[PDB]
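Protein chains in written order, with my numbering: chain A, 2 to 119; chain B, 29 to 82; chain C, 269 to 437; chain D, 3 to 99; chain E, 20 to 133; chain F, 134 to 200; chain G, 16 to 472.
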Amino acid sequence: XXXXXXXXXXXXXXXXXXXXXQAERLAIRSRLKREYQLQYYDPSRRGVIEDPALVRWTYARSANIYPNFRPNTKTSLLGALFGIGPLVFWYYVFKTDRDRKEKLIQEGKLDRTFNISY
Amino acid sequence: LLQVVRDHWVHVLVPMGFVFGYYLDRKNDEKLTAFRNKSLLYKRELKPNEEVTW
Amino acid sequence: XXXXXXXXXXXXXXXXXXXXXXXXXXXXXXXXXXXXXXXXXXXXXXXXXXXXXXXXXXXXXXXXXXXXXXXXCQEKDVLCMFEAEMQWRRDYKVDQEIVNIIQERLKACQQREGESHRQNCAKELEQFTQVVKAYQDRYXXXXXXXXXXXXXXXXXXXXXXXXXXXXXX
Amino acid sequence: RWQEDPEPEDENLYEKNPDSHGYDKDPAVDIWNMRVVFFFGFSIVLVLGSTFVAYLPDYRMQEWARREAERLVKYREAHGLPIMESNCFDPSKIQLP
Amino acid sequence: XXXXXXXXXXXXXXXXXXXXXXXXXXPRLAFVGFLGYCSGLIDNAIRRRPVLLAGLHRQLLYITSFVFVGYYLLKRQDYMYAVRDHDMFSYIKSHXXXXXXXXXXXXXXXXXXX
Amino acid sequence: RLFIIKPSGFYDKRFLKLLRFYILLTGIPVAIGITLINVXXXXXXXXXXXXXXXXXXXXXXXXXXXX
Amino acid sequence: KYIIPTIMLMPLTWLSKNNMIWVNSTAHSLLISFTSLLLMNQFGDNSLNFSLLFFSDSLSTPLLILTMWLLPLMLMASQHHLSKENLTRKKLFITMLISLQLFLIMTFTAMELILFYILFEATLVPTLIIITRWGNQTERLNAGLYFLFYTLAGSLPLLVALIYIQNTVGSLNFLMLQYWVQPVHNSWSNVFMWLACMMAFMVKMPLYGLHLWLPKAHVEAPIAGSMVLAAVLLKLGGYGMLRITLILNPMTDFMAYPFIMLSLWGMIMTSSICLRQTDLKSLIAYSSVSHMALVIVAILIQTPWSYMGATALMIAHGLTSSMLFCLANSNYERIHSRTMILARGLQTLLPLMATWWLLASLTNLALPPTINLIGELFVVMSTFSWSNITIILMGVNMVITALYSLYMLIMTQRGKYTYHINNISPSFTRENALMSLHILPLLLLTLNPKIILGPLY
Numbered sequence: 002x003x004x005x006x007x008x009x010x011x012x013x014x015x016x017x018x019x020x021x022x023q024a025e026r027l028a029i030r031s032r033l034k035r036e037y038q039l040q041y042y043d044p045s046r047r048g049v050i051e052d053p054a055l056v057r058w059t060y061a062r063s064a065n066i067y068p069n070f071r072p073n074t075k076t077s078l079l080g081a082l083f084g085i086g087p088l089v090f091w092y093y094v095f096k097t098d099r100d101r102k103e104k105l106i107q108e109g110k111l112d113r114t115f116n117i118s119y
Numbered sequence: 029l030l031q032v033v034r035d036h037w038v039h040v041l042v043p044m045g046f047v048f049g050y051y052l053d054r055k056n057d058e059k060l061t062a063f064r065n066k067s068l069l070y071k072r073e074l075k076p077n078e079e080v081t082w
Numbered sequence: 269x270x271x272x273x274x275x276x277x278x279x280x281x282x283x284x285x286x287x288x289x290x291x292x293x294x295x296x297x298x299x300x301x302x303x304x305x306x307x308x309x310x311x312x313x314x315x316x317x318x319x320x321x322x323x324x325x326x327x328x329x330x331x332x333x334x335x336x337x338x339x340x341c342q343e344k345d346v347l348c349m350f351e352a353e354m355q356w357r358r359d360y361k362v363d364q365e366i367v368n369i370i371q372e373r374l375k376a377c378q379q380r381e382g383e384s385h386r387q388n389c390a391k392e393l394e395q396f397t398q399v400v401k402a403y404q405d406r407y408x409x410x411x412x413x414x415x416x417x418x419x420x421x422x423x424x425x426x427x428x429x430x431x432x433x434x435x436x437x
Numbered sequence: 003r004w005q006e007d008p009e010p011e012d013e014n015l016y017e018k019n020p021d022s023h024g025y026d027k028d029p030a031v032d033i034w035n036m037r038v039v040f041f042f043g044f045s046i047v048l049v050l051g052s053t054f055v056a057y058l059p060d061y062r063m064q065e066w067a068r069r070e071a072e073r074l075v076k077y078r079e080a081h082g083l084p085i086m087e088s089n090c091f092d093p094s095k096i097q098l099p
Numbered sequence: 020x021x022x023x024x025x026x027x028x029x030x031x032x033x034x035x036x037x038x039x040x041x042x043x044x045x046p047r048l049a050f051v052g053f054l055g056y057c058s059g060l061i062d063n064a065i066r067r068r069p070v071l072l073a074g075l076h077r078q079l080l081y082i083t084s085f086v087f088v089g090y091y092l093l094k095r096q097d098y099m100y101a102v103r104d105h106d107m108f109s110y111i112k113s114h115x116x117x118x119x120x121x122x123x124x125x126x127x128x129x130x131x132x133x
Numbered sequence: 134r135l136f137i138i139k140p141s142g143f144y145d146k147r148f149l150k151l152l153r154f155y156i157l158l159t160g161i162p163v164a165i166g167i168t169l170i171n172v173x174x175x176x177x178x179x180x181x182x183x184x185x186x187x188x189x190x191x192x193x194x195x196x197x198x199x200x
Numbered sequence: 016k017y018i019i020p021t022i023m024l025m026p027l028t029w030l031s032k033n034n035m036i037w038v039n040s041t042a043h044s045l046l047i048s049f050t051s052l053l054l055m056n057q058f059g060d061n062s063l064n065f066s067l068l069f070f071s072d073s074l075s076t077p078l079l080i081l082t083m084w085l086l087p088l089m090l091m092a093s094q095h096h097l098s099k100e101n102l103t104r105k106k107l108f109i110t111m112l113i114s115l116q117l118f119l120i121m122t123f124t125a126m127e128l129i130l131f132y133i134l135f136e137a138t139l140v141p142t143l144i145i146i147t148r149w150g151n152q153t154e155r156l157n158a159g160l161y162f163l164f165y166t167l168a169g170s171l172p173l174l175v176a177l178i179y180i181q182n183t184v185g186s187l188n189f190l191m192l193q194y195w196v197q198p199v200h201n202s203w204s205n206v207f208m209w210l211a212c213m214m215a216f217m218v219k220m221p222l223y224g225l226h227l228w229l230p231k232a233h234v235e236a237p238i239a240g241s242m243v244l245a246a247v248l249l250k251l252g253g254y255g256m257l258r259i260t261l262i263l264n265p266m267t268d269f270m271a272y273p274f275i276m277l278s279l280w281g282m283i284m285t286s287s288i289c290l291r292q293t294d295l296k297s298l299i300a301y302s303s304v305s306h307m308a309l310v311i312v313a314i315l316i317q318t319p320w321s322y323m324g325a326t327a328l329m330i331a332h333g334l335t336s337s338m339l340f341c342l343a344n345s346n347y348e349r350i351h352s353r354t355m356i357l358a359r360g361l362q363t364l365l366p367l368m369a370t371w372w373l374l375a376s377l378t379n380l381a382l383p384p385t386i387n388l389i390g391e392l393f394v395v396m397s398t399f400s401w402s403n404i405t406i407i408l409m410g411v412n413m414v415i416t417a418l419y420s421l422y423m424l425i426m427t428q429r430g431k432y433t434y435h436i437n438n439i440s441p442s443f444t445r446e447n448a449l450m451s452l453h454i455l456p457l458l459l460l461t462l463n464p465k466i467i468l469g470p471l472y
């Protein structure tokens, strides 16, 4: 997704609220980096580190399936039309092609004379 | 003789189990003796050997 | 040999009249490589063929013919059907490779003429069209997977069309 | 409180107190198993088994049908007009309807 | 047949008809004999005893009991299946009208497409 | 001179040596397989006479190892 | 010849001493698998019966050889696991594989439907105990119950189906006797007769609907990766669809028409999800849905060309997906998590295993004729004779077949591995041997694939 102008450096102000906003971002950034620094720079470890953020990322798709979906609303029915719907779409495509083929075999032959495979 | 028998005891059972399976499954053809010379498809008259082939 | 038709004989003769040059590059390389390792390969093949001496004749091809057709015996019984069903499957497996020989006759025509392609031959073209059309009608090719019991119904379907069309005219 | 739940520990053979091995513990068991009988199946099933597969014992009339077809072609070409297929396993059927 | 008509009610084995000949060293008897040995393996799992295979030698009682009862049980099996067939063949012979014979046909069947 | 990047290598190179040692051990019947075509005759195309249908090998063409 | 030496593996593991066990179970199994290729391959025009109806001959089943191929391979990758626990526990879960091997041989050999049924559901029991134990992550029971209540819910209708046929039309038994079968008249009472025979095999061979049986079994790992190879054997274990459709209902294909359309959408939608998924084992689990969906399409066409592609794909998938799961297990034993993004680093840390990663991935695509080109392409060629529209849908699927393989490669082909400190040794001598024992049998099938596809071939 893209707008009329690409967002990279558009609309920026110093102010007072924005100055403290960058201070909030660096506070968590440095906190999570130092616990990595204490784990990386020692020979006593030998192994793969866990990281709680990455495990929760995999847990977002593998789990949290049935805890969700409790508000179905009209959004779930629209997804059903995009799933079960296209299965019914080809039913009026493959049958019409087969009825075109079956009529040709009995009357007015269309199949090639040099055909033997299957 | 003492070194081989004490160490290996289960190692002999598996190849001997194949021979035991070979003998048992082959002898089942003796239960099905019908259609040996009858029905002309691979039928042949005996000259020296008894009942063509087992 | 015998079964495969192919061309009778090829001409292939060089004249070489225009330009002296170094005779011919194709002719000089052909004479040189014939005695270099081609003659040694012919000598080694002859040395192994003579070393065999004693050889078994062997039966190779098996007989077994007819033994009552499937469209003669009826009613569900294992004693009569099994010999008939083996006969139809024998014919079906051979007819799969009968077409292959006739197909290879058309393959031989394409290379030997090249520029002519469809302008000549005609005999191999007519032979292929007759067999494949007969293979399509008689040996399944439309009536699902191979079955001897279903084959009699397929033959009856073609026979019903012949009886209905001729009666009207 | 966990009481007795904490017991998990990381374990790896790698190279330490093993030199170079695949089997866990004992160098005598490792060499005789992981390199001998592990590779004996590599020599019998793969190398000696390559001779079989489909090559050698004919395998469902693949080579037999070629010799059978060629002699049937030359016989039917000399006498008959129709080549192989014309009326497959049908000679005087008792009506249709 | 479920109800007795010719056979005597409440029999130890058969006694009315003895001629049938029971199976000797049958593959069916070997499986019941295997279960007799198998019962003498899992008994040491209940009462904790060293080695299931090389433990107590009271296993011979468990093998013999399965064979002895099994031989009598399979003797009734061969007997009851014989009586079931005997009454079946007698029903065709006596009535004749119930059974019908048909052989050799040339009937048309519907052929499938694709 | 530099110490450079280090891999395991010792476990890796040994497996390829242990694999090929058992290929070479059963590489002898592969070498015999070539000489079986060379020394012993394979097959010749000939019409069968009514005397014997099958003996040792029933119907086998090409390679002595097939029979 | 086949059964009896397989049964003798049970006293072998128990009688042998505690120091050995694994040496005896693997070596003795390899020589039985050699003898299976020695005798079963011999057949005439129509494949003649082996003996009395207990275990019979093979007509169009070279798939038995695959079960014999995995017979030692289901022990090689399970060596990393089970070693930490008790010696009695080791012997138990080798014998559960032996029991699996005992029942799996019986399914493919015995030419039956009545006694085949009590071997069809009999494979579910040892796998249940295998899945419900040794699972490192939780929800073993939310996969273990789903393992049965998908299969048994669909397969128990075979009792009311198969027995109904033998009570009216002769007897099922030999299948070589089964020519008594008359074509179905096609009525509303005959609808549930066809559905009950199909729905049993609609579960084991995953579609678009009722397909969630398979990913739950794969993601929630039983033991390491060697038991996941037995889960591949269960997919091809429902092979009776080759036998039922041809014999029991030859005229019935009008009711097959909606089921093809279901499996056709079980190709685009099943592949689309197999792109943005997190778990490395799940990206094999959903690709195995679509690869086995190709077989279900081929069966319901009933053309002689389609069965050639059907029988090929049963063996093709049986040694390519199992190969992919062994690679997933080799990363699971080092990183201790099935996450694709976290476990990142080939060639730099895993120099020789990366070439095995390439050969396994490309086999999912149509390579030079190994088995999958003889598998997939044969079905696509047969679908055009059914209808012209098919290849427009089937061609899109051929684009996303790369998107299983290459996405599994690229997301591991980054040589960063900053967070990971483990995986010091790349692969043990057994671990590299696992990868060779899956691809090299398929590389030998390049010369002669006659013993890879044979229903009247």
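Positions of the beta carbon are idealized from the N, C-alpha and C atoms, including for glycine.
Classify residue i as buried or exposed, calling it buried when 16 or more other Cβ atoms lie within 10 Å of its own Cβ.
| i | result |
| --- | --- |
| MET55/G | buried |
| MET349/C | buried |
| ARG68/E | exposed |
| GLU78/B | exposed |
| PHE65/G | buried |
| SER67/B | exposed |
| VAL304/G | buried |
| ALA54/A | exposed |
How many angstroms separate the CA atom of residue i from the CA atom of residue j?
| i | j | result |
| --- | --- | --- |
| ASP35/B | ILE288/G | 55 Å |
| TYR161/G | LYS231/G | 8 Å |
| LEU78/G | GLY59/G | 18 Å |
| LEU377/G | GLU25/A | 48 Å |
| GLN94/G | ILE145/G | 15 Å |
| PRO384/G | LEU457/G | 10 Å |
Spell out the partners DSSP gives residue i in its beta bridges.
| i | result |
| --- | --- |
| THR354/G | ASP294/G |
Spatial neighbours of residue i within its chain, please: C-beta separation below 6 Å, excluding the five flanking residues on both sides.
| i | result |
| --- | --- |
| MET270/G | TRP209 |
Mind checking if residue i is an interface residue toward chain G, Cβ cutoff 9 Å exclusive?
| i | result |
| --- | --- |
| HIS23/D | yes |
| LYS59/B | yes |
| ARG147/F | yes |
For residue i, collect the residues of the same chain with a Cβ closer than 8 Å to its Cβ; drop the 5 residues on either side in sequence, then sort them by chain order.
| i | result |
| --- | --- |
| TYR434/G | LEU357 |
Please report whether the beta-carbon of residue i lies at a distance below 9 Å from any beta-carbon of chain C.
| i | result |
| --- | --- |
| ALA56/D | no |
Residue i CB to nearest chain F CB: under 9 Å?
| i | result |
| --- | --- |
| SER88/D | no |
Between residue i and the rest of its own chain, which residues show a CB-CB distance below 7 Å, the 5 nearest in sequence each way excluded?
| i | result |
| --- | --- |
| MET191/G | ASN64, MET126 |
Contact criterion: CB-CB distance below 9 Å. Does residue i meet it with respect to chain A?
| i | result |
| --- | --- |
| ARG349/G | yes |
Can you confirm whether residue i, when its beta carbon is compared against all beta carbons of chain D, has any partner nearer than 9 Å?
| i | result |
| --- | --- |
| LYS375/C | no |
| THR159/F | yes |
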